[PDB]
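Asks: Supplied in structure tokens, the structure appears directly below.
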Amino acid sequence: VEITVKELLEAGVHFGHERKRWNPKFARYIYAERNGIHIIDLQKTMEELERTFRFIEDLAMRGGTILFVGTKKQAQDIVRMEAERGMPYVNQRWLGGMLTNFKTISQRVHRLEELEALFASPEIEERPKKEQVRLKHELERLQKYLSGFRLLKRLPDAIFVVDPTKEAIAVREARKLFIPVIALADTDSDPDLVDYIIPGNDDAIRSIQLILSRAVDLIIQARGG
RNA sequence: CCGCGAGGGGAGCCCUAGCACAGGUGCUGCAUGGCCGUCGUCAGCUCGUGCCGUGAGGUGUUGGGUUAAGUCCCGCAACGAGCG
Ligand SMILES: [Mg+2]
Ligand SMILES: [Mg+2]
Ligand SMILES: [Mg+2]
Ligand SMILES: [Mg+2]
Ligand SMILES: [Mg+2]
Ligand SMILES: [Mg+2]
Ligand SMILES: [Mg+2]
Ligand SMILES: [Mg+2]
Ligand SMILES: [Mg+2]
Ligand SMILES: [Mg+2]
């Protein structure tokens with residue numbers, strides 16, 4: 003399982019953004035501009051996807067956990083399902100602090116582990132029917148935001164983010180903690196902040212869908228089966 | 001209590017003299033405790049960690065909707081917690 007220059011075209015991976023939004027630093031990853039939009043050099047994308055996948059692989063081979071990040075409405079369900087098949092992910096909201104204030108965030112994990120505990124329990128039917136609903140609500144939100152974070156029992160060995168310029172909170176945090184950043188990066192982004200880059204469309208389903216799967220494909224390849 | 005007894009000593013209480021002292025709704029609420037009136041049963045006041053800033057400090061608590069309500073919802077560098 004590697005990836006064809008062809009398959010990448012079909013994904014529409016090389017379709018960049020308009021020329022308006024644009025990070026000149028990113029120029030080193032561009033073929034040319036057709037009708038307003040920069041077209042990402044796939045001959046490059048491919049040779050970076052290699053250096054990058056080679057990292058992902060050995061990291062996985064050594065047991066590392068990779069935190070997947072996508073807030074964008076396009077990604078969400080792709081990040082989710084892809085992660086699961089076996090890492091943690093963030094796909095609802097990036098709660099500022101999740102990495103650098105990891106402790107007091109994971110505190111919120113034990114809260115829902117403990118509210119999960121309380122709803123399987125008899126002791127719930129005790130509380131007045133008002134706290135009862137107001138406690139189911141507390142639990143509910145926690146599951147929303149944390150259903151993927153709750154797998155992290157310590158900081159990731161690397162984070163893999165979809166769209167670094169959307170996420171550069173998440174990114175900032177990683178770099179401050181010396182965790183390697185991997186990203187699917189479009190032309191709007193500072194590639195200098197990305198330790199392990201994949202330049203290509205950070206926008207279309209058909210694009211992310213391809214990348215994330217082949218990543219994950221590679222992961223459980225090099226986890227023994 | 002001592003004595004066979006006359007009786008001496010002693011506890012308690014009393015009076016007189018003298019000494020510690022008691023008594024004072026005399027001052028200072030601008031030396032205070034306690035308690036109370038008040039803004040105000042108004043929805044506010046803050047803290048841990050993270051984050052922003054050289055810094056005082058900010059963030060959170062703000063914004064949009066909702067509520068008797070910092071009541072809840074969505075949002076968001078914030079996630080919570082304490083007094084309310
Ligand atoms: Mg973008
Ligand atoms: Mg006798
Ligand atoms: Mg006698
Ligand atoms: Mg006196
Ligand atoms: Mg006074
Ligand atoms: Mg007076
Ligand atoms: Mg500082
Ligand atoms: Mg306030
Ligand atoms: Mg009230
Ligand atoms: Mg409250």
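When the letters of the first sequence are read in order and numbered with the entry's author numbering, they come out as residues 3 to 87, 89 to 228.
The C-beta atom is built at its ideal place from N, Cα and C for all residues, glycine as well.
(1) Do residue 88 and ligand 1 come close, with the Cβ less than 7 Å from some heavy atom?
(2) Just the C-alpha distance for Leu98 and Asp166, rounded to the nearest angstrom, thanks.
(3) CB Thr190 to CB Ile42, shorter than 8 Å?
(4) Assuming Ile5 contacts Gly18 under a Cβ cut-off of 8 Å, what Cβ separation, rounded to an integer in Å, is found between them?
(5) Can you say whether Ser124 is buried or exposed, counting buried as having 16 or more other CB atoms within 10 angstroms of its CB?
(6) Indicate whether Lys147 and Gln95 have their beta-carbon atoms separated by less than 8 Å.
(7) Determine the extent of the alpha helix (DSSP H) in which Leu102 is found, giving its start and end residues.
(8) Just to be sure I understand the criterion: a residue counts if its Cβ is closer than 6 Å to at least one heavy atom of ligand 1. Which residues meet that?
(9) From the DSSP output, in three-state form, read off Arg56 for me.
(10) Give every residue of the same chain whose Cβ lies closer than 7 Å to the Cβ of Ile200, excluding the five residues on either side of it in the sequence, and list them in chain order.
(11) Please state the DSSP three-state secondary structure of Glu35.
Replies: So, to answer that:
(1) Residue numbering in the chain breaks between 87 and 89, and residue 88 falls inside that break, so it has no position here.
(2) The straight-line gap from Cα to Cα measures roughly 16 Å.
(3) Cβ distance < 8 Å, so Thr190 and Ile42 count as in contact.
(4) Not really, about 19 Å apart at Cβ, beyond 8 Å.
(5) Residue environment: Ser124 is assigned as exposed (fewer than 16 neighbouring CB atoms within 10 Å of its CB, all protein chains considered).
(6) The Cβ atoms of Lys147 and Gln95 sit closer than 8 Å to each other.
(7) It is not in any alpha helix (DSSP H) - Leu102 carries neither H nor E in the DSSP assignment.
(8) After applying the 6 Å Cβ criterion, the set is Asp166, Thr168, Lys169, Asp189, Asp191, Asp205.
(9) In the structure shown, the three-state DSSP call for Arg56 is helix.
(10) Sequence-distant partners of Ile200 (beyond 5 residues in either direction) whose C-beta falls short of 7 Å from its own C-beta, in its chain, are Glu50, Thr54, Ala186, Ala188, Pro194.
(11) In the structure shown, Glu35 adopts extended strand secondary structure according to DSSP, grouped into three states.
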